Amino acid sequence: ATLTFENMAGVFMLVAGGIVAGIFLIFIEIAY
Amino acid sequence: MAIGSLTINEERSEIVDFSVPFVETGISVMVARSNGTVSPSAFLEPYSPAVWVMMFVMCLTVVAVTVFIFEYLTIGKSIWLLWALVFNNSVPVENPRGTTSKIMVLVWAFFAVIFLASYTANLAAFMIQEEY
Ligand SMILES: N[C@@H](CCC(=O)O)C(=O)O
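Residues numbered from 1 in each chain as written, not as in the entry; some residues may be left out. Chains lettered and ligands numbered in written order. Part of a larger assembly, values for the part shown. Heavy atoms only, no water. Residues with missing side-chain atoms left out of burial classes, pairs and counts.

For this deposited structure, the header cites cryo-EM as the method used and 3.95 Å as the resolution.

Shown next as structure tokens:
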């Protein structure tokens, strides 16, 4: 059994999505 | 008749006759059991060498993101905490007071919780001597 690059895709965009979403909130935070 | 453990052959079947065989017979070799061996597992049989190069990728590009939002409100001190959290966090730490990054690292921190599942459970069975 090998976990491999595949079969773990779901967790990948969570790191990326937080980066994408995070930059949106800081602009509101700076204005706040 | 000579009933018993008689092996049909070529020379014997010349001067006498045989009936229809009812049991197989051949030639085999027997050797005692041998001690098993386990090769040094390459990174303990993880998720291929791709993942090891893979982790270097996002980790090094996500530390820069924190550095960018750090000044807006120390990269050398920003790699000790960000990385070491993934491996059973016990080392001394130094955490910033930036609100924007404070939420960010927690999402990153939660990744380490799920990472252990990859390196636990599976690794238990596949460590004993193999290859026979
Ligand atoms: N019993 C077989 C094999 C030989 C042996 O058992 O010695 C035969 O008669 O040919």
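### Looking at the overall build of chain A
For the record, the criterion: In DSSP terms, a helix is any run of H or I states spanning at least four residues, a strand is any run of E spanning at least two, and both are numbered starting from the N terminus.
Of regular secondary structure, chain A possesses 1 helix and 0 strands. On the principal axes, the C-alpha backbone points of chain A span a range of 50 × 10 × 10 Å.

### Here we look at helix α2 (residues 48-72) of chain B
This is how it is decided: One fewer than the residue count of a helix, multiplied by 1.5 Å, yields its expected span.
Helix length check: α2(B), at 25 residues, gives a terminal C-alpha distance of 39 Å against a target of 36 Å (1.5 Å per residue), a fit within 8%. B:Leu73, located one to two residues past α2(B), shows a positive phi value of around 55°.

### A look at the environment of A:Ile26
Cut-off, in case you're wondering: In what follows, a contact means two residues having at least one pair of non-hydrogen atoms within 4.5 Å.
If you trace the backbone, A:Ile26 turns up in helix α1 (residues 10-31). Sequence spacing of A:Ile26 and A:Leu14 is 12 residues, and the spatial spacing of their C-alpha atoms is 18 Å. Leave out the neighbours within four places in its chain, and A:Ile26 touches B:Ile69 and B:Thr100.

### Observations concerning the packing of aromatic side chains
Test applied: Two aromatic rings, drawn from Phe, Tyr or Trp (for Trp, its six-membered ring), form a pair once their centres lie within 6.5 Å of each other, and the interplanar angle then sorts them: stacked below 30 degrees, edge-to-face above 60, tilted otherwise.
When the centroid spacing of 5.7 Å and the interplanar angle of 40° are considered together, the rings of A:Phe5 and A:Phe12 count as tilted. Between B:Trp108 and B:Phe111 the ring centres are 6.0 Å apart and the planes differ by 10°, which places this aromatic pair in the stacked class. Of this pair, B:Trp108 and B:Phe111 both sit in helix α5 (residues 99-119), 3 residues apart, roughly one helical turn.

### Considering the interface of chain A and chain B
By convention, interface size is frequently given as the accessible area that disappears when the constituent parts associate. Cut-off, in case you're wondering: Classification used: nonpolar for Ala, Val, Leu, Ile, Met, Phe, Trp, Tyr, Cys and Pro, charged for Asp, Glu, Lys and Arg, polar for all others including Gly.
Opposite the 12 residues of chain A that make contact, chain B presents 17 residues. Here the residues of the side of chain A that touches chain B are counted per class, giving 9 nonpolar, 2 polar and 1 charged.

### Observations regarding α5(B)
When the terminal C-alpha atoms of α5(B) are compared, their 32 Å separation across 21 residues agrees well with the 30 Å that a helix rising 1.5 Å per residue should span. Two residues or fewer past α5(B), B:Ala121 is found with a positive phi of approximately 60°.

### Section: unusual backbone geometry
Excluding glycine, a negative phi dihedral is what most residues carry, and trans is how most peptide bonds are arranged. A positive phi angle, near 50°, is found at B:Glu45, a position not held by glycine. For B:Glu45, the location among the structural elements is in the loop between α1 (12-15) and α2.

### Some thoughts on the packing of α1(A) against α5(B)
In plain terms, the rule: Throughout, an axis means a line fitted to C-alpha atoms (over the contacting stretch in the case of helices), and angles, computed between N-to-C directions, take values from 0 to 180 degrees. Angles below 35 degrees are treated as roughly parallel, those above 145 as roughly antiparallel, those between 65 and 115 as roughly perpendicular, and all remaining angles as oblique.
Remark: α1(A) packs on α5(B), axes separated minimally by 10 Å, with the N-to-C direction vectors making an angle of 170°. Between α1(A) and α5(B), the crossing angle belongs to the class labelled roughly antiparallel. On the side of α1(A), the interface is formed by A:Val11, A:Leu14, A:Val15, A:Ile19, A:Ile26 and A:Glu29, while α5(B) contributes B:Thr99, B:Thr100, B:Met104, B:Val107, B:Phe110 and B:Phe111.

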